[PDB]
Ligand SMILES: CCCCCCCC/C=C/CCCCCCCC(=O)OC[C@H](COP(=O)(O)OCC[N+](C)(C)C)OC(=O)CCCCCCC/C=C/CCCCCCCC
Ligand SMILES: CCCCCCCC/C=C/CCCCCCCC(=O)OC[C@H](COP(=O)(O)OCC[N+](C)(C)C)OC(=O)CCCCCCC/C=C/CCCCCCCC
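Residue numbers (the authors' numbering), protein chains in the order written: chain C, 1 to 439; chain D, 1 to 439; chain G, 320 to 371.
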């Protein structure tokens, strides 16, 4: 028997479903989303990492002017400085007091840490949703893991389950993301081959093992300082050593809807947006025939005490006459009241006890107890604690339709006003008719 | 000097763009898209290969009755047939003629030979366009390759080319595709774990080495024939061997816009849709000062032959007198008459000839030799060949600029009608004037 | 401020704390009309103001 239901995409709240196949006792399914996961399809753009400047030993010519060469290195820069007079530890390196020219050259290259310390710039195309679910099938906890794209029907205990697609296409990630190690950031990184110095991406590389390197760090050499053999330069510092301090919070902490973020692969777990269309295929053997299930008569309810707090603040006592002993699936006909139980054991001439959670000031709901309904009514009281650590067990805020009994004041005043208007209208119309009778 | 231009996405047709800069002689670049590729991002769903039914030897229980055993093989099915009297080559197998039973059992597994003969169903999200371009720089062909998403900047001859993004997002791939070696078909394959017998996808495996196999071939064992130990069965033939002879036409024969399709990786090569915005950033060394360019005076054009035949059917002879020998980049600002060359040596008082292609029934256009302008006028005869094997080397636009110079019939008729209408209106105005003064 | 959406607080390297608000109020919803309107005011201020 194929059944289709929709439950909100909320993790850890045990929902309830009714499968009322005719000729069979009603079925109650308690399903609880343990985890839902969204995983975008990444497409690596480039790998950024701290560079290094490669400065070979300066060539100082004892006489005459050295010749500047040319290379194709990623940021190669050569310069010839004339009139130098370097000193070594023993004496002057160059023979003559002048005419000496030093050939200083340098270029950049990926560092050795680029294998481990790097940041990956990706693009998030579309997330392939996956989910894991716990369902009280046949009164026993069983777990179901499946994809959430409307495909991948999964079976367990001969019962099929196919879930999704998610009603919400919303994803935490944007069209461009970066990941450092476990943190993912939505940022619009510079186009490849156009990295600005100092900012993020001054040096870019397609893969960590690639050899092509594009680096824009405006490396400029400078003249040796007064009889020394060093090679000075003026280069913009690493843009990634700067980004690491300037990162700010990652999506793990700033994403909406209570979204978690992981890595390897990048995911978004337990997002709270939308609802989950969950379609079951419950076999005929799962149901029990209606004649097999017991029948209940003389059911009288009572609520010793109630409090419309979250976490099942109410409690009700129901008497029974169950004929044969069996499993009496219990259910709540009202959306506003969510009873805790899913099935209890009944036989004899005694009463049972339940627990329910409501947001109504006045309890008014019908309890489906093995095909025989019953009416329960009580006055709920406000809680004592302002705030708690779990989401509300009950459904939602009571809609404007459902106020509290002793709203009878509204009916009283509206009836009084309507009565006054009615007598005014009757007097006016009788006067209008009698005036119409004139002449 | 960054110069952003747009060329149509047609492959193999050269396009001339004018890069003009004050203080420098105008530059013309001849560019020609060699190839354009669209690379979808694939998220493999499952691999399908033809199944194989693994039927172990039957267990015939002599003088007794066997019992079915349950296991979780991919499509396991067992049955027990009573009253059998099997034979062997030498004589009857069972001792007794009755009370014998045979246990027939079977299941299905992937063909371990089919690590090669598999068809893989994917999903395609979006295409990372990449283009290979040829540009004529200063009398030299230089080939440039870059990504066409607009997020890639390259360089050659110190000139920076950034090409993209694609004007149109159209791709020949639907969301769900399958690939079989070199062929790729758009088809909405059945969801995982819910394949139908006999059709494509009756046996689905996540990856070709994965050991989880979902098979729905409706294997059904049958009663063995009298006195024989075979294991007959009724199975729906393979859906993949059935697909192989019903595939139809691969996308390289069906896709529109003259698309070309390849595999490993899947690509859509040389689509004809949209236009390619190519941005060129060229250094100042490339340019030439206006004073450094030659100056030509007294340019007179004559066109001895002209034919709008898609292959440069016109020739124009231009007399000129030039100051100094140099390279003058000829160009036609009339965007209906393409001219082949992009520069020609000039010297003294000499002629030149150019080959231009048009579709105009009366070739009237201006040519800019270096900086001076010359006006060309000619008569076009239609070509004699009905079909050619190359795309037209010109463009076609709206009527108003394509009508023949013998459109003077239109002017004569319209002017005569306008004159008679104006005369009638003037006569009516005069008659109204006196009729407005006679009362 | 803890809204009805809930608040998530991460303190140092501890696991994030999550807080949600209940429907606590000082008024009563079964007494005199001023009491019940005060109750519904503490619960849903904007809606009760607009409806009254
Ligand atoms: C002497 C004096 C004593 C008198 C005592 C005074 C009593 C004072 C109090 C009355 C109690 C009022 C408090 C109720 C507040 C509950 C909260 C609530 O109410 O909010 C419920 C939801 C949640 O809010 P939301 O922003 O998420 O939803 C809107 C989504 N957004 C914004 C995108 C549109 O909101 C919704 O869904 C609402 C959707 C619209 C519902 C329409 C209501 C249906 C009825 C219409 C009138 C027809 C007449 C019916 C009569 C028939 C009788 C025969
Ligand atoms: C004695 C006198 C002798 C002188 C005689 C002079 C000769 C007169 C000549 C005119 C020559 C015309 C040559 C110019 C034509 C090139 C224009 C062009 O380049 O276009 C060609 C395209 C290509 O075809 P395609 O297959 O790509 O497109 C269809 C796509 N498919 C097939 C999927 C539907 O064709 C199109 O698209 C066109 C689609 C639109 C065309 C319909 C125009 C609608 C105009 C309505 C006017 C309304 C009246 C106004 C009254 C108001 C009251 C005042």
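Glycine residues also receive a C-beta, built at the ideal position from the N, C-alpha and C atoms.
- Under the criterion of beta carbons closer than 8 Å, residue 357(D) and residue 398(D) do not qualify as touching, at roughly 19 Å.
- Short note on residue 367(G): C-beta closer than 7 Å to some heavy atom of ligand 1.
- Counting only Cβ-Cβ distances below 8 Å, residue 151(D) has contacts in chain C at 45, 191, 192, in chain order.
- Relative to residue 275(C), the option among 259(C), 51(C), 165(C) whose CA is nearest is 165(C).
- The count of Cβ pairs closer than 8 Å, one atom from the region 248 to 261 of chain D and one from the region 288 to 300 of chain D, stays below three, leaving the stretches out of contact.
- In summary, the residues of the region 30 to 61 of chain D whose CB is separated from some CB of chain C by less than 7 Å are 41, 43, in the order they occur in the chain.
- Distances from the CB of residue 12(C) to the heavy atoms of ligand 2 are all 7 Å or more.
- Within the chosen limit of 7 Å, ligand 2 reaches the beta carbon of residue 410(D) through at least one heavy atom.
- Within the region 220 to 286 of chain D, the runs of beta strand (DSSP E) that reach at least 3 residues and sit entirely inside it are, in chain order, 260 to 262, 267 to 269, 275 to 281.
- For residue 178(D), the secondary structure class from DSSP, reduced to helix, strand or coil, is strand.
- Shown here for residue 208(C): same chain residues with a beta carbon closer than 7 Å to its own, the five before and five after excluded, namely 47, 114, 115, 118 in chain order.
- Scanning 215(D), 181(D), 170(D), 211(D) for the CA closest to the CA of residue 190(D) turns up 215(D).
- An exposed status is given to residue 390(C), since fewer than 16 other beta-carbon atoms sit within 10 Å of its beta-carbon.
- Residue side-chain check: residue 403(D) places its Cβ nearer than 7 Å to a non-hydrogen atom of ligand 2.
- For residue 385(C) and residue 343(G), the gap between their C-alpha atoms comes out near 7 Å.
- A Cβ of chain G is located within less than 8 Å of the beta carbon of residue 385(C).
- Taking CB atoms only, residue 125(C) has a neighbour in chain D less than 8 Å away.
- Around the C-beta of residue 103(C), 16 or more other C-beta atoms lie within 10 Å, and the residue is accordingly described as buried.
- At a cut-off of 8 Å between C-beta atoms, residue 154(D) counts as an interface residue with respect to chain C.
- The DSSP-derived three-state label of residue 339(C) is strand.
- If you check the CB distance, residue 277(D) and residue 36(D) do not come in under 8 Å.
- Residue range 330 to 332 is occupied by the beta strand (DSSP E) that includes residue 331(C).
- Of all residues in the region 328 to 343 of chain G, only 329, 336, 337, 338, 339, 340, 341, 342, 343 come within less than 8 Å of chain C when Cβ atoms are compared, listed by chain position.
- Interface annotation, residue 321(G): in contact with chain C, CB-CB separation under 8 Å.
- When DSSP reads this structure, residue 381(C) sits in a beta bridge with 307(C).
- Within a 10 Å sphere around the beta-carbon of residue 431(C) sit fewer than 16 other beta-carbons, which makes this residue exposed.
- In the three-state DSSP reduction, residue 412(C) falls in the helix class (H, G or I).
- Below the 8 Å Cβ cutoff, chain C contributes 43 as neighbours of residue 128(D), in chain order.
- For the pair residue 75(D) and residue 217(D), the Cα-to-Cα distance works out to about 8 Å.
- With a threshold of 16 other beta carbon atoms within 10 Å, residue 192(D) meets it and is buried.
- Its Cα nearest to that of residue 181(C), the residue 49(C) stands out among 49(C), 284(C), 379(C), 31(C).
- Taking all protein chains in view, the Cβ of residue 45(C) is crowded by 16 or more other Cβ atoms within 10 Å, so the residue is classified as buried.
- Rounded to whole angstroms, the gap between the alpha carbons of residue 40(C) and residue 412(C) is 59 Å.
- Rounded to the nearest angstrom, the gap between the Cα atoms of residue 3(D) and residue 148(D) is 17 Å.
- The C-alpha of residue 221(C) is placed about 15 Å away from the C-alpha of residue 101(C).
- Only 253, 258 from the region 250 to 261 of chain C bring a Cβ to less than 8 Å from some Cβ of chain G.
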